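**Q** Mind looking over this structure? Questions follow.
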Amino acid sequence: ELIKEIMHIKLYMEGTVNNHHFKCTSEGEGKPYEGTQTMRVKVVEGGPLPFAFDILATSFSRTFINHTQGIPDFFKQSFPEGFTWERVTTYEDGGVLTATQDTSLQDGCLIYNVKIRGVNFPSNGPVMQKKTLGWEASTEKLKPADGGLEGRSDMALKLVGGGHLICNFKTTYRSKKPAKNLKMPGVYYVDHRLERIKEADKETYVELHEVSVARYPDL
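Note that the sequence shown covers residues 7 to 66, 70 to 228 in PDB author numbering.
Here it is as structure tokens:
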């Protein structure tokens, strides 16, 4: 089957956000066919992060997406090799977070390897002052873009005692399997819900849950 009904995950992440180098590590598990998953994150380097963790949570699983209707799963079809993704998130206040990700399948446990580069996050802004809450539920429009998938989405980051700091991202998904060995999907949508379950000792340990359900557009 390759991708089982319940799958284990292990993650490695490192980066610099406003030149503040850090390193993160994770262990998680989800139901790939149901679109749910859970991730327990631990910041191993760069002490208590000077920026809001929320900018990183969104880089911590395309393989855990409930493909309803009968949409070809580009992500699951890409195994055992896996797939890569490059995302660029642009914030309304000038902050830009670029992330590079590698997904592989080694000895049953699913492996994620992320690279993070955050720049121009304003000093007294919600991210740097750590005055952000969760991410509101978002929707990503995916369209087949020459061999891979291109995903665009507009997100809203909840703010401490306020409204939101909005942003948008452009992502490119590249399969490790050749495009010849893949049945590509049409233009489809993925609705996401990203909730933070737990938090410990100054955003050093964070538990996150995600729910993703794919669907063909309405008529």
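By construction, the Cβ of each residue, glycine as well, lies at the ideal position given by its N, Cα and C atoms.
#1: What's the C-alpha gap between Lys29 and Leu228?
#2: Among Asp102, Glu11, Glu145, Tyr182, which has the Cα closest to the Cα of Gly156?
#3: Measure the C-alpha to C-alpha separation of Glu212 and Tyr225 and round it to an integer number of angstroms.
#4: Let me confirm a value: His76 is counted as buried when at least 16 other C-beta atoms fall within 10 Å, else exposed. Which label applies?
#5: Out of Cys176, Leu158, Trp144, which one is the CA nearest neighbour of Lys150?
#6: Grouping DSSP H, G and I as helix and E and B as strand, with all else coil, what is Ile61?
#7: What are the start and end residues of the alpha helix (DSSP H) that includes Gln86?
#8: My parser needs the beta strand (DSSP E) runs of 3 or more residues fully inside the segment 167-222; what are they?
#9: What is the DSSP secondary structure of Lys10, counted as helix, strand or coil?
#10: If we count the other Cβ atoms within 10 Å of its Cβ and call it buried at 16 or more, is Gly134 buried or exposed?
#11: Would you mind reading off the limits of the beta strand (DSSP E) that contains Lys29?
#12: Could you give the DSSP three-state label for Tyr225: helix, strand or coil?
#13: Please list, in chain order, all residues of the same chain as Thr148 whose beta carbon is under 6 Å from its beta carbon, the five residues on each side excluded.
#14: Among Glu145, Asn129, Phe88, which residue has its Cα nearest to the Cα of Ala188?
#15: Counting pairs of beta carbons, one from the segment 118-126 and one from the segment 17-36, are three or more of them closer than 8 Å?
#16: Would you tell me roughly how many angstroms separate the C-alpha atoms of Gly41 and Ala165, rounded to the nearest one?
#17: Please tell me whether, using a cut-off of 7 Å, the distance from the CB of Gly104 to the nearest non-hydrogen atom of the ligand ZN is below it.
#18: Is there contact between the segment 90-98 and the segment 213-222, where contact requires at least three CB pairs shorter than 8 Å?
#19: DSSP three-state call for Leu55: helix, strand or coil?
#20: Any idea what DSSP makes of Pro131, helix, strand or coil?
#21: Excluding the five sequence neighbours on either side, which residues of its own chain have a C-beta within less than 6 Å of the C-beta of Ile175, listed in chain order?
#22: Any idea if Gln110 is buried or exposed, counting beta-carbon neighbours within 10 angstroms, 16 or more meaning buried?
#23: What does a CB cutoff of less than 6 Å around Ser221 pick up in its chain, not counting 5 residues either side in sequence?
**A** Taking the structure as given:
#1: 45 Å
#2: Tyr182
#3: 37 Å
#4: Buried.
#5: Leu158
#6: helix
#7: 83-86
#8: Positions of the beta strand (DSSP E) runs, each at least 3 residues long and wholly inside the segment 167-222, are given as 173-184, 197-209 in order along the chain.
#9: coil
#10: buried
#11: 26-37
#12: coil
#13: Cβ neighbours of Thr148 beyond the five flanking positions: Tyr198, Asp200.
#14: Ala188 has its Cα closest to that of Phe88, out of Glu145, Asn129, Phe88.
#15: yes
#16: 21 Å
#17: Among the ligands in the structure shown, none appear at all, so the ligand ZN cannot be discussed.
#18: Taking 8 Å as the limit for Cβ pairs, the verdict is that the segment 213-222 does not touch the segment 90-98.
#19: coil
#20: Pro131: coil per DSSP, three-state reduction.
#21: Spatial neighbours of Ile175 in its own chain (CB-CB distance under 6 Å, excluding positions within 5 residues in sequence) are listed in chain order as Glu101, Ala165.
#22: buried
#23: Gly41, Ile74, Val199, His201
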